[PDB]
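Just below is one structure, and these are the notes that go with it.
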Amino acid sequence: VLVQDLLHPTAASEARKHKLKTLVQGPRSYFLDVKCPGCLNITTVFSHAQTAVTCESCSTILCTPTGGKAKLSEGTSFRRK
Amino acid sequence: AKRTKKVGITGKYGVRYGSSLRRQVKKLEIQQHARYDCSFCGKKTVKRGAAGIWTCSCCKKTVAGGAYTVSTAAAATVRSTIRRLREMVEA
Amino acid sequence: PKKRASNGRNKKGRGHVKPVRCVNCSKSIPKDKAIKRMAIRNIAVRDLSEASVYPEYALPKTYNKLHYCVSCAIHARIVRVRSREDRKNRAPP
Amino acid sequence: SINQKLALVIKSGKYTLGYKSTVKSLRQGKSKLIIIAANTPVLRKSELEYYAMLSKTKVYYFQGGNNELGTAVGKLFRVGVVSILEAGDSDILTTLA
Amino acid sequence: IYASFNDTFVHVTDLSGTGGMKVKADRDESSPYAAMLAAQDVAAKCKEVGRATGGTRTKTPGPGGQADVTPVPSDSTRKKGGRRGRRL
Amino acid sequence: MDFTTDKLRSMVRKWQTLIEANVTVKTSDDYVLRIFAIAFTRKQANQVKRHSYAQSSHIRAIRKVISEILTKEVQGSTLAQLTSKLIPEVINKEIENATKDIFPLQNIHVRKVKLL
Amino acid sequence: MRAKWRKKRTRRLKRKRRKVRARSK
Amino acid sequence: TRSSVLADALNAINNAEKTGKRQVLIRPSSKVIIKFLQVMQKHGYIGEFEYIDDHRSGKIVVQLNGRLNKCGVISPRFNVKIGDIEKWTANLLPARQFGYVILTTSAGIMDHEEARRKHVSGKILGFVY
Amino acid sequence: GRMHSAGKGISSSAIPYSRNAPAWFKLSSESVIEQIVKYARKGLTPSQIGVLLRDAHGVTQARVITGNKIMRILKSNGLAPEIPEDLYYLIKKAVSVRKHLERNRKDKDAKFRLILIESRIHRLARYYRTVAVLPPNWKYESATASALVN
RNA sequence: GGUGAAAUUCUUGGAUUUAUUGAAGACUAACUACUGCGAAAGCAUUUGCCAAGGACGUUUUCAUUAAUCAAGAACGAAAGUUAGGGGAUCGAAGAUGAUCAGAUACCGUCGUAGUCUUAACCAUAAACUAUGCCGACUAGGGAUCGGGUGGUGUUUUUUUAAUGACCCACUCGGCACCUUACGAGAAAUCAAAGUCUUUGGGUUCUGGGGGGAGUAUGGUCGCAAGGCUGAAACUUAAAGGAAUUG
Ligand SMILES: [Mg+2]
Ligand SMILES: [Mg+2]
Ligand SMILES: [Mg+2]
Ligand SMILES: [Mg+2]
Ligand SMILES: [Mg+2]
Ligand SMILES: [Mg+2]
Ligand SMILES: [Mg+2]
Ligand SMILES: [Mg+2]
Ligand SMILES: [Mg+2]
Ligand SMILES: [Mg+2]
Ligand SMILES: [Mg+2]
Ligand SMILES: [Mg+2]
Ligand SMILES: [Mg+2]
Ligand SMILES: [Mg+2]
Ligand SMILES: [Mg+2]
Ligand SMILES: [Mg+2]
Ligand SMILES: [Mg+2]
Ligand SMILES: [Mg+2]
Ligand SMILES: [Mg+2]
Ligand SMILES: [Mg+2]
Ligand SMILES: [Mg+2]
Ligand SMILES: [Mg+2]
Ligand SMILES: [Mg+2]
Ligand SMILES: [Mg+2]
Ligand SMILES: [Mg+2]
Ligand SMILES: [Mg+2]
Ligand SMILES: [Zn+2]
Ligand SMILES: [Zn+2]
Ligand SMILES: [Zn+2]
């Protein structure tokens with residue numbers, strides 16, 4: 001506000017702003033390894049599937065398409081890495 | 001090349017009887033000469049003669065119809081509402 | 001020049017609004033610009049009930065929406081023409 | 001629809017269009033289904049249905065004339081009857097049809 | 001009971017199923033003093049054996065009414081007066 | 001049957017959306033009848049939006065089910081058990097049990113019936 | 001006079017002038 | 001479309017000047033932008049700028065001071081014969097004392113005074129005073 | 001924006017800063033380029049491949065495991081379709097509004113949007129023609145096109 | 001009955017009224033809003049079908065494919081024109097009853113065309129925001145519409161969730177409003193009508209005192225009504241705008 005650091009802004013001010021209106025653009029969308037504990041090696045999904053994914057061996061259903069809340073049907077774990 | 005701007009088939013009458021009379025004649029003329037689609041065999045082979053008589057080129061069927069078209073508007077609206085009251089007398 | 005920025009009433013970004021016709025004179029007026037007053041008055045009201053069955057059961061009233069076209073809104077009903085800066089106040093009272 | 005499910009046997013399975021080929025398909029048992037246009041005459045219809053019962057083939061009466069049935073099967077001519085000969089990956093023999 | 005403007009109506013009958021008469025100057029046909037005056041002889045015959053005009057325009061009780069079955073439409077049957085209404 | 005001028009015009013508040021639906025339906029009883037139905041929207045009583053409006057996937061889905069349950073008691077009876085069925089009126093929220101999973105929906109009544 | 005009545009007065013005028021020399025068509 | 005990309009950066013600065021504010025992020029930082037912000041700092045109307053590297057077409061932040069009345073882009077990028085640089089300066093520079101009208105020549109983007117030093121000419125870019 | 005409207009609504013995707021691999025992804029290049037060609041021959045647009053590989057599998061974006069873009073692999077495996085995928089869809093649209101027009105012949109609206117659709121086709125084609133990816137004789141027509149989708 | 005008051009008018013034909021009840025065509029009340037959608041015209045009962053669309057979401061695809069646009073084309077309220085149908089309503093014309101000095105009117109009455117629909121025309125509205133389109137920058141404010149993200153927020157209680165609606169915060173894109181004025185303007189007023197004498201982002205279109213006159217003439221479109229294009233001679237010192245006082 002007539003002196004304001006454009007180069008180093010708060011990691012919270014930019015947390016409020018839009019995906020494209022950050023300082024360097026970046027997707028606020030992650031990936032997840034989802035475990036349905038009826039199978040051993042389970043899959044790595046994208047945060048807004050829009051493809052209700054199914055896993056290697058089973059007919060499982062895990063996901064559902066959405067506006068982006070890619071709803072992880074019946075309850076399972078994950079990790080944003 | 002396009003032969004006449006307006007008169008189409010009605011040029012045979014030349015200059016006689018007035019634009020309006022000729023224009024209206026052209027309308028039903030175009031109707032009563034054209035090939036229509038046959039309801040029974042699917043080929044565009046029903047032509048007129050002896051107005052109100054419509055016959056398929058192959059499959060040889062004849063349908064009573066309008067004097068220049070197969071179905072008149074009237075006829076079709078009867079068809080519709082005759083179904084209507086019939087569907088009303090079994091259920 | 002303009003002497004209201006709304007310059008009708010209450011229509012921005014619609015192009016056309018079906019018209020209503022005025023209670024007083026039947027003149028046609030765009031619904032968005034008809035001054036609307038809902039008249040609810042009820043049906044001398046204890047003479048009603050003493051000499052009568054159902055000892056004050058219900059007591060119902062008129063319910064009715066009214067549309068006047070400026071001209072006749074101005075003649076009697078609530079227009080009461082305002083001043084230049086007094087008119088931007090859209091407080092009902 | 002089912003035009004959908006039929007349109008998959010053209011690109012996938014084996015078929016035959018036309019009245020005459022369709023009945024050597026119903027004589028050799030090769031047909032598990034035949035689809036019959038709306039307007040195709042009833043004498044022909046009840047004949048096919050006889051050949052169907054003898055092959056124990058199922059039939060489906062396509063709402064829509066043989067003009068429609070032909071542009072359904074992707075052909076540009078009227079088709080009074082179709083006979084599938086392989087249902088390549090369509091479930092048509094396993095849908096409610 | 002049914003109240004116009006320049007008349008009011010009142011009439012007994014079986015559930016199954018009085019105007020500008022007691023007054024005559026014909027502007028007074030609505031007037032309450034005559035709604036009453038002819039309501040009187042109405043309750044008379046009531047015991048002698050034992051609605052606005054609405055429809056289209058003004059949807060509202062009349063003067064001689066107090067001294068609901070109002071017909072209201074689904075917004076049709078365009079009103080008299082044109083689009084410029086009665087002009088005075 | 002009918003509602004009455006008082007009650008119906010008492011119910012249409014501005015700042016909410018009206019909903020009507022009808023169906024013509026049988027009885028045991030060889031009768032075929034057009035019902036009516038009427039419902040509005042409640043402001044959920046923690047709510048600040050002055051105008052309390054649904055957004056019309058709702059109004060379509062609601063008569064969708066109103067008529068599902070409206071022709072699911074009439075032809076579920078004689079006319080006699082029908083008159084017996086709407087007088088306790090709890091069909092009025094035999095709609096609501098459906099609709100509680102979609103919208104607040106105050107003031108649900110059936111409001112007419114009309115026959116041949 | 002009103003604008004749109006001057007329009008009418010002129011439309012009339014020219015229909016009349018249009019007529020007058022189709023006499024000499 | 002953005003057409004004279006230089007302008008949309010240049011004008012933001014001018015807006016960003018009697019804003020009062022003394023930083024501005026500019027979009028999208030072409031090679032011709034940097035070599036224009038550069039010539040201004042060479043004469044002191046802005047301070048330091050920083051080429052942010054999005055993997056996109058770029059971003060600059062220039063921290064600016066209040067010495068500058070009007071920087072400006074002049075174009076369709078008119079062509080100036082060495083004999084009529086002084087007709088521009090006259091038209092669009094307050095006095096013959098100060099202010100430069102930057103421009104593009106074969107010898108590189110350079111202010112009008114350095115051009116009279118180098119005896120080279122080209123098309124006109126803009127101006128700073 | 002919105003070349004055939006006045007709706008200025010931006011929504012891009014934010015392509016991340018990291019142009020290298022995501023550094024948590026196990027399979028590399030060969031392992032999954034081999035995967036996209038199994039779906040090309042399946043019959044999928046390079047976008048259906050890009051999405052199905054984005055979510056069901058680890059492939060965050062083609063460009064950076066591969067390094068040819070997706071259409072650029074099908075082109076090398078010979079699986080590049082007759083005409084670019086976007087224009088294909090634009091036609092499939094134009095035909096799909098037309099058959100609706102020619103049966104609802106009294107729809108002024110769809111006729112307007114056929115116009116819009118078709119003149120979008122003509123400008124994209126005009127681009128594809130001048131970049132050699134369409135023959136110079138290439139153009140589009142109501143009756144040539146109804147069999148160009150299928 | 002009708003109005004300010006009257007009258008033309010309808011009533012042994014039981015009128016106005018009530019009751020049961022049927023026909024026809026038109027329209028979608030109330031809910032309806034500083035709310036939505038469409039390029040604009042414009043769009044408000046239900047359901048099914050038919051294609052279509054913006055915003056959002058997107059670590060998907062293409063990779064400059066775009067902006068604006070003489071010619072040219074799609075649509076285009078109302079009325080109006082041609083061929084059917086329709087013709088309940090209201091209703092240019094016309095005729096009337098009144099008012100007036102007069103009263104072709106305003107008000108009342110009758111009612112033709114029209115009003116509606118199909119097929120074809122016509123292409124104009126104060127078709128208005130009297131305000132070109134794309135891009136950017138410059139300022140505060142709480143509402144609201146659509147999408148979205150965030151939660152040991154409240155409610156449904158079923159037995160708590162799942163849900164649904166509601167609350168709160170932010171962010172995109174909408175319809176608007178509010179306060180300011182840096183700024184602009186001849187002013188009224190304007191987040192653009194600003195970032196202009198410190199005059200240059202791209203591009204289209206129109207205007208050059210007032211009358212004459214959108215007249216004449218030619219060309220062209222139309223069945224017509226008319227649409228587009230569109231002068232001059234002459235005449236004149238004003239005409240006009242916004243604001244101030246009377
Ligand atoms: Mg004025
Ligand atoms: Mg308006
Ligand atoms: Mg308008
Ligand atoms: Mg009348
Ligand atoms: Mg007056
Ligand atoms: Mg002569
Ligand atoms: Mg020389
Ligand atoms: Mg454009
Ligand atoms: Mg943008
Ligand atoms: Mg998007
Ligand atoms: Mg309604
Ligand atoms: Mg030419
Ligand atoms: Mg009539
Ligand atoms: Mg007259
Ligand atoms: Mg007279
Ligand atoms: Mg007269
Ligand atoms: Mg007078
Ligand atoms: Mg005009
Ligand atoms: Mg306007
Ligand atoms: Mg504005
Ligand atoms: Mg003007
Ligand atoms: Mg703001
Ligand atoms: Mg916003
Ligand atoms: Mg000021
Ligand atoms: Mg000022
Ligand atoms: Mg001619
Ligand atoms: Zn699975
Ligand atoms: Zn035949
Ligand atoms: Zn009025």
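Every chain in the structure tokens takes a letter, A first, then B, and so on in the order presented; its residues are numbered from 1, and the ligands are numbered from 1 following the presented order.
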Show me which residues line ligand 10, defined as having an atom within 10 Å of a ligand atom where only C-alpha atoms (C1' of nucleotides) and all ligand atoms count, and present them as a list in words.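 Counting only what the definition allows, namely only C-alpha atoms (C1' of nucleotides) and all ligand atoms, the set is residues 9, 10, 11, 12 and 13 of chain I; 55, 56, 57 and 58 of chain J.
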For those residues, write N, CA and C atoms (P, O5', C5', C4', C3', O3' and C1' of nucleotides) to a file as a PDB file, in the first residue's frame.
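Output (selection_15.pdb):
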```pdb
ATOM      1  N   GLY I   9     -14.422 -14.904 -19.142  1.00  0.00           N
ATOM      2  CA  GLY I   9     -14.015 -15.752 -18.041  1.00  0.00           C
ATOM      3  C   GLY I   9     -12.751 -16.553 -18.272  1.00  0.00           C
ATOM      4  N   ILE I  10     -11.690 -16.194 -17.557  1.00  0.00           N
ATOM      5  CA  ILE I  10     -10.452 -16.960 -17.589  1.00  0.00           C
ATOM      6  C   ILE I  10     -10.597 -18.206 -16.727  1.00  0.00           C
ATOM      7  N   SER I  11     -10.200 -19.352 -17.268  1.00  0.00           N
ATOM      8  CA  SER I  11      -9.760 -20.459 -16.426  1.00  0.00           C
ATOM      9  C   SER I  11      -8.762 -21.252 -17.259  1.00  0.00           C
ATOM     10  N   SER I  12      -7.481 -21.015 -17.021  1.00  0.00           N
ATOM     11  CA  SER I  12      -6.432 -21.836 -17.600  1.00  0.00           C
ATOM     12  C   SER I  12      -6.229 -23.065 -16.721  1.00  0.00           C
ATOM     13  N   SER I  13      -5.183 -23.824 -17.010  1.00  0.00           N
ATOM     14  CA  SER I  13      -4.561 -24.682 -16.021  1.00  0.00           C
ATOM     15  C   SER I  13      -3.255 -24.023 -15.605  1.00  0.00           C
TER      16      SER I  13
ATOM     17  P     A J  55     -16.747 -18.450 -20.509  1.00  0.00           P
ATOM     18  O5'   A J  55     -17.032 -18.534 -18.945  1.00  0.00           O
ATOM     19  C5'   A J  55     -17.400 -17.375 -18.213  1.00  0.00           C
ATOM     20  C4'   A J  55     -17.797 -17.721 -16.802  1.00  0.00           C
ATOM     21  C3'   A J  55     -16.826 -18.603 -16.040  1.00  0.00           C
ATOM     22  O3'   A J  55     -15.726 -17.882 -15.527  1.00  0.00           O
ATOM     23  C1'   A J  55     -19.008 -19.430 -15.751  1.00  0.00           C
ATOM     24  P     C J  56     -14.271 -18.556 -15.465  1.00  0.00           P
ATOM     25  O5'   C J  56     -14.447 -19.765 -14.443  1.00  0.00           O
ATOM     26  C5'   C J  56     -14.700 -19.509 -13.070  1.00  0.00           C
ATOM     27  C4'   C J  56     -15.187 -20.739 -12.350  1.00  0.00           C
ATOM     28  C3'   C J  56     -14.185 -21.871 -12.207  1.00  0.00           C
ATOM     29  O3'   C J  56     -13.269 -21.667 -11.146  1.00  0.00           O
ATOM     30  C1'   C J  56     -16.267 -22.741 -12.908  1.00  0.00           C
ATOM     31  P     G J  57     -11.700 -21.917 -11.377  1.00  0.00           P
ATOM     32  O5'   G J  57     -11.511 -23.480 -11.125  1.00  0.00           O
ATOM     33  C5'   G J  57     -12.296 -24.174 -10.167  1.00  0.00           C
ATOM     34  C4'   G J  57     -12.380 -25.644 -10.497  1.00  0.00           C
ATOM     35  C3'   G J  57     -11.129 -26.248 -11.106  1.00  0.00           C
ATOM     36  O3'   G J  57     -10.127 -26.536 -10.151  1.00  0.00           O
ATOM     37  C1'   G J  57     -13.015 -26.954 -12.334  1.00  0.00           C
ATOM     38  P     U J  58      -8.657 -25.943 -10.375  1.00  0.00           P
ATOM     39  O5'   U J  58      -8.033 -26.903 -11.480  1.00  0.00           O
ATOM     40  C5'   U J  58      -8.190 -28.310 -11.379  1.00  0.00           C
ATOM     41  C4'   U J  58      -7.906 -29.005 -12.685  1.00  0.00           C
ATOM     42  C3'   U J  58      -6.722 -28.485 -13.478  1.00  0.00           C
ATOM     43  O3'   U J  58      -5.481 -28.929 -12.964  1.00  0.00           O
ATOM     44  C1'   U J  58      -8.551 -28.876 -14.930  1.00  0.00           C
TER      45        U J  58
END
```
Using only C-alpha atoms (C1' of nucleotides) and all ligand atoms, I'd like a table of the residues in chain J that come within 9 Å of ligand 20; for each, show the closest atom pair and its distance in Å rounded to one decimal, ordered by chain and ascending number, as CSV.
```
residue,atom,partner,partner_atom_place_in_ligand_line,distance
J:129,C1',ligand 20,1 (Mg),6.9
J:131,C1',ligand 20,1 (Mg),8.6
J:190,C1',ligand 20,1 (Mg),8.2
J:192,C1',ligand 20,1 (Mg),7.9
```
For chain J, report every residue with an atom at most 6 Å from chain I (counting only C-alpha atoms (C1' of nucleotides)), formatted as a PDB file with N, CA and C atoms (P, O5', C5', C4', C3', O3' and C1' of nucleotides), in the first residue's frame.
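result02.pdb, written as the output of this step:
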```pdb
ATOM      1  P     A J  51     -29.893 -35.070 -29.676  1.00  0.00           P
ATOM      2  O5'   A J  51     -28.933 -33.883 -29.223  1.00  0.00           O
ATOM      3  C5'   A J  51     -27.880 -33.442 -30.060  1.00  0.00           C
ATOM      4  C4'   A J  51     -28.172 -32.097 -30.669  1.00  0.00           C
ATOM      5  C3'   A J  51     -27.439 -30.919 -30.065  1.00  0.00           C
ATOM      6  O3'   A J  51     -26.091 -30.832 -30.478  1.00  0.00           O
ATOM      7  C1'   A J  51     -29.695 -30.351 -30.349  1.00  0.00           C
ATOM      8  P     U J  58      -8.657 -25.943 -10.375  1.00  0.00           P
ATOM      9  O5'   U J  58      -8.033 -26.903 -11.480  1.00  0.00           O
ATOM     10  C5'   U J  58      -8.190 -28.310 -11.379  1.00  0.00           C
ATOM     11  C4'   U J  58      -7.906 -29.005 -12.685  1.00  0.00           C
ATOM     12  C3'   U J  58      -6.722 -28.485 -13.478  1.00  0.00           C
ATOM     13  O3'   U J  58      -5.481 -28.929 -12.964  1.00  0.00           O
ATOM     14  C1'   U J  58      -8.551 -28.876 -14.930  1.00  0.00           C
ATOM     15  P     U J  59      -4.482 -27.881 -12.271  1.00  0.00           P
ATOM     16  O5'   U J  59      -3.040 -28.477 -12.579  1.00  0.00           O
ATOM     17  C5'   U J  59      -2.305 -28.026 -13.708  1.00  0.00           C
ATOM     18  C4'   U J  59      -1.514 -29.132 -14.356  1.00  0.00           C
ATOM     19  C3'   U J  59      -2.243 -30.469 -14.509  1.00  0.00           C
ATOM     20  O3'   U J  59      -1.974 -31.007 -15.801  1.00  0.00           O
ATOM     21  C1'   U J  59      -0.188 -30.788 -13.366  1.00  0.00           C
ATOM     22  P     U J  60      -2.897 -30.573 -17.042  1.00  0.00           P
ATOM     23  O5'   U J  60      -3.721 -31.889 -17.386  1.00  0.00           O
ATOM     24  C5'   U J  60      -3.083 -33.016 -17.963  1.00  0.00           C
ATOM     25  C4'   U J  60      -3.834 -33.497 -19.175  1.00  0.00           C
ATOM     26  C3'   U J  60      -3.404 -32.903 -20.508  1.00  0.00           C
ATOM     27  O3'   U J  60      -2.253 -33.526 -21.052  1.00  0.00           O
ATOM     28  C1'   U J  60      -5.759 -32.839 -20.340  1.00  0.00           C
ATOM     29  P     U J  61      -1.326 -32.743 -22.108  1.00  0.00           P
ATOM     30  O5'   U J  61      -2.258 -32.556 -23.387  1.00  0.00           O
ATOM     31  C5'   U J  61      -2.609 -33.660 -24.209  1.00  0.00           C
ATOM     32  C4'   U J  61      -3.456 -33.227 -25.379  1.00  0.00           C
ATOM     33  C3'   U J  61      -2.844 -32.159 -26.273  1.00  0.00           C
ATOM     34  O3'   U J  61      -1.958 -32.703 -27.233  1.00  0.00           O
ATOM     35  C1'   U J  61      -5.070 -31.562 -25.739  1.00  0.00           C
ATOM     36  P     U J  65      -1.217 -16.850 -36.577  1.00  0.00           P
ATOM     37  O5'   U J  65      -2.449 -17.851 -36.724  1.00  0.00           O
ATOM     38  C5'   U J  65      -3.628 -17.694 -35.946  1.00  0.00           C
ATOM     39  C4'   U J  65      -4.466 -18.951 -35.968  1.00  0.00           C
ATOM     40  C3'   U J  65      -5.758 -18.926 -35.161  1.00  0.00           C
ATOM     41  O3'   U J  65      -6.818 -18.319 -35.887  1.00  0.00           O
ATOM     42  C1'   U J  65      -4.581 -20.974 -34.801  1.00  0.00           C
ATOM     43  P     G J 173     -12.264 -12.882 -13.013  1.00  0.00           P
ATOM     44  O5'   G J 173     -13.525 -12.738 -13.968  1.00  0.00           O
ATOM     45  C5'   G J 173     -13.687 -13.630 -15.057  1.00  0.00           C
ATOM     46  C4'   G J 173     -15.082 -14.193 -15.120  1.00  0.00           C
ATOM     47  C3'   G J 173     -16.219 -13.199 -15.003  1.00  0.00           C
ATOM     48  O3'   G J 173     -16.426 -12.422 -16.169  1.00  0.00           O
ATOM     49  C1'   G J 173     -16.698 -15.065 -13.665  1.00  0.00           C
TER      50        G J 173
END
```
Near residue 30 of chain F, within 12 Å and counting only C-alpha atoms (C1' of nucleotides), which residues show up once chain neighbours fewer than 2 positions away are dropped, as a ChimeraX atom specification?
/B:91 /F:25-28,32-33,74-75,77-79,116
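Restricting the atom set to only C-alpha atoms (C1' of nucleotides) and all ligand atoms, one finds that the residues within 8 Å of ligand 4 amount to residues 80 and 81 of chain E; 90 and 91 of chain J.
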- prompt: Residues within 12 Å of ligand 22 (only C-alpha atoms (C1' of nucleotides) and all ligand atoms), as a VMD selection string?
  reply: chain J and resid 138 to 142 177 to 180 191
Check your understanding: Per DSSP on the backbone, what are the strand (DSSP E) residues of segment 2-91 of chain F, as a list in words?
Key ->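 Residues of segment 2-91 of chain F classed as strand (DSSP E): residues 19, 20, 24, 25, 33, 34, 35, 38 and 39 of chain F.
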Keeping only N, CA, C and O atoms, write the selected residues to a file as a short mmCIF file (atom, residue, chain, number, x, y, z; two decimals), in the first residue's frame.
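Output saved as selection_31.cif:
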```cif
data_model
loop_
_atom_site.label_atom_id
_atom_site.label_comp_id
_atom_site.auth_asym_id
_atom_site.auth_seq_id
_atom_site.Cartn_x
_atom_site.Cartn_y
_atom_site.Cartn_z
N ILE F 19 -44.28 -23.43 -5.35
CA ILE F 19 -44.16 -24.70 -6.08
C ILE F 19 -45.55 -25.33 -6.17
O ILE F 19 -46.22 -25.52 -5.15
N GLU F 20 -45.96 -25.66 -7.39
CA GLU F 20 -47.21 -26.37 -7.65
C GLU F 20 -46.94 -27.62 -8.46
O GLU F 20 -46.00 -27.66 -9.27
N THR F 24 -53.18 -36.54 -12.67
CA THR F 24 -54.49 -37.14 -12.85
C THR F 24 -54.35 -38.65 -12.69
O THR F 24 -53.57 -39.28 -13.41
N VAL F 25 -55.11 -39.22 -11.75
CA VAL F 25 -54.81 -40.53 -11.17
C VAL F 25 -56.10 -41.28 -10.89
O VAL F 25 -57.16 -40.68 -10.69
N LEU F 33 -58.64 -38.76 -11.23
CA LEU F 33 -58.76 -37.45 -10.59
C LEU F 33 -57.46 -36.64 -10.60
O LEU F 33 -56.39 -37.16 -10.29
N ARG F 34 -57.59 -35.35 -10.94
CA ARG F 34 -56.52 -34.35 -10.86
C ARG F 34 -56.45 -33.72 -9.46
O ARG F 34 -57.27 -32.87 -9.10
N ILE F 35 -55.47 -34.15 -8.69
CA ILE F 35 -55.03 -33.51 -7.45
C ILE F 35 -54.31 -32.20 -7.73
O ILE F 35 -53.99 -31.88 -8.87
N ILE F 38 -49.10 -27.80 -3.14
CA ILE F 38 -48.56 -26.46 -2.92
C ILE F 38 -47.50 -26.52 -1.83
O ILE F 38 -47.71 -27.11 -0.76
N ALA F 39 -46.35 -25.90 -2.09
CA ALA F 39 -45.27 -25.83 -1.12
C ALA F 39 -44.41 -24.61 -1.41
O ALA F 39 -44.39 -24.09 -2.53
#
```
Note to self: Taking only C-alpha atoms (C1' of nucleotides) and all ligand atoms into account, list the residues no farther than 12 Å from ligand 5, as a list in words.
What the structure shows: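 My answer, listing the contacting residues, is residues 25, 70, 71, 72, 73, 74, 75 and 76 of chain C; 85, 86, 87 and 88 of chain E; 106 of chain J.
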*Please identify all polymer residues within 12 Å of residue 14 of chain C, counting only C-alpha atoms (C1' of nucleotides), omitting same-chain residues fewer than 3 positions from it, and present them as a ChimeraX atom specification.*
/C:10-11,17-18,30,32 /J:34-38,40-43,129,175-176
To one decimal place in Å, what is the distance between atom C1' of residue 113 of chain J and atom CA of residue 12 of chain G?
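Pair atom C1' of residue 113 of chain J / atom CA of residue 12 of chain G returns 21.7 Å.
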